[PDB]
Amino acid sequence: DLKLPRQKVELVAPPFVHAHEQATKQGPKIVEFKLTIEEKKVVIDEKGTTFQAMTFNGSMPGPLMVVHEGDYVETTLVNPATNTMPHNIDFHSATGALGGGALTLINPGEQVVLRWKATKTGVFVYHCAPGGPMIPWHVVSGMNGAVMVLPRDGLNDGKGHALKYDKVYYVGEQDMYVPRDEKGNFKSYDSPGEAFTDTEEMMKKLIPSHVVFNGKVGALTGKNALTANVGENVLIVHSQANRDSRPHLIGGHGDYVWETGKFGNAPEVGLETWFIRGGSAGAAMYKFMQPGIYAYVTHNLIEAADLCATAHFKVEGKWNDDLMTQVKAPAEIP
């Protein structure tokens, strides 16, 4: 009965984002996505700590889905028989049925197809939510991602001017709760079910052992640093499905920031640090002015430096001595 064109999207792993238009002359379509749930034991730090992860499409965060206002998002959610638990999906962008959660509960061996109309613009969390105490556990195990619903005319600054990004990255931040044994070492478990009792006990005390971007300490550093060039406008979408975060680009700013993440509201300008409320996504754009390394952090610096929540940008281009210069290099005090 819904007679619109269908478009398939090939999702890509974060922090990258599948190809899409900002402004578009397309009208509404049914945009088709597939998410396959994977439960897996992963390594989350450089010491080799393991973690019983539960993921959409194998990644933490789940991939960014991008559509336009008035599109219909049709998701095939697949829970292979190789998984152990039921799962579902709640889209904060969607209206009704607990975001879709009440229509998508699938046992191992099942799949389901949900369609929702993208009536609200912005960046939004999606996450699993199977019921009761399982809700936080599946979310903090990694089962969360985001979806971006763009205006058909692209982004604007609330003063009539278009804001076009040259690239977009998705940084998903994950609070993780890994219990310790008596002597103080992190515990390893054979299954998510086996990890549950100790992990819930820790969860209820509200202090994570790790806070990471893209699923691991250091994920977005070295070979996998984010990149830009001087003169490039970069959009950084940041999500946190369970706990607050305060993003900050060290050596830069948020030129235009939607900290609550919703494009019906004008962006704020010229921020140092912004705030992602737990259960939300927000977005910040910045035009790089200087080359070199930047760190992108949550500005609880204990979390950033000690618990895992640091990414890098490596930026190419020409240094601008008008903006900053070392007038006198380090020298002995006279």
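One rule holds for the numbers: they count along the sequence shown, beginning at 1.
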Checklist entry - Of 178-186 and 72-80, which one has the bigger average CA B-factor? => result 178-186
Checklist outcome for this item: As the entry reports it, the stretch among 104-112 and 258-266 with higher mean C-alpha B factor is 104-112
Item to check | Highest recorded Cα temperature factor - choice among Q26, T55, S280, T298 | outcome: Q26
Item to check | From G145, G122, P247, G132, residue of greatest CA B-factor | outcome: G132
Next on the checklist: When the deposited Cα B-factors of this chain's modelled residues are ordered and cut into thirds, is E272 in the lowest, the middle or the highest one?
Outcome noted: lowest
Next on the checklist: Sorting by Cα B-factor within the chain, modelled residues only, which third would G231 end up in: lowest, middle or highest?
Outcome noted: highest
Checklist outcome for this item: Here the Cα B-factor of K117, set against its chain, lands in the third termed middle
Checklist entry - Sorting the chain's CA B-factors, does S191 end up in the lowest, middle or highest third? => result highest
Next on the checklist: Taking only the Cα B-factors deposited for this chain, tell me whether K223 sits in the lowest, middle or highest third.
Outcome noted: highest
